[PDB]
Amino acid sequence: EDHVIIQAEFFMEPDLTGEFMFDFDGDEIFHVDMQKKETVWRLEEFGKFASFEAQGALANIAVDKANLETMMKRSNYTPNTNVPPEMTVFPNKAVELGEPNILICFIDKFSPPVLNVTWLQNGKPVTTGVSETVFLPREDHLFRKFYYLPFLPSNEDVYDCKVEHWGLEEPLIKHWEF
């Protein structure tokens, strides 16, 4: 079929985190921030073409929570099975030395939706203009998330994306250079 519009919510205990997002043909439209209780368009431009009062999603999320407590009691506190992710580090544009680019770390086919992702420059942790998508939904109910390191091609310069998912024995780490 031609197009898809997924409204994906989740709640998880005891980390007590929510996500409420809208997807289209695989890319996020917007999501609601639980802390700032505000709509957050994936691209700023979408704010111009539509709106969504965030209080509806926090209503829903708070109904998701109660339903979690119920299913746990009903399921005899059987935990979620941790499925660990696969990973890809790759440049956003083609690489040309001295010209700004973005390094994408894409984390795929994992559950549950918790990640400790750490971007690394020549072995030194690095955070400058770092961004990440929300946890994106999949048809098998596992997840994917996108991490972005704004960076400058360099030849003599290696970047590592490390993830401390507790579906892993040891950190998963993928390198990239010129």
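Throughout, we count residues from 1 along the sequence that is shown.
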Looking only at C-alpha temperature factors in the entry, 68-76 or 81-89, the higher average sits in 68-76
Stretch exceeding the other in mean C-alpha B-factor - 161-169, 13-21: 161-169
At the C-alpha atoms, which of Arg144, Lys124, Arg42, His141 reaches the highest B-factor in this entry? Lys124
Could you say which of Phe110, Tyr148, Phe49, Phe151 has its CA atom at the highest B factor, as listed in the PDB entry? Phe49
Among the chain's modelled residues, which third holds the C-alpha B-factor of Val32? middle
Going by the recorded CA B-factors, say which third of the chain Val134 sits in, lowest, middle or highest. lowest
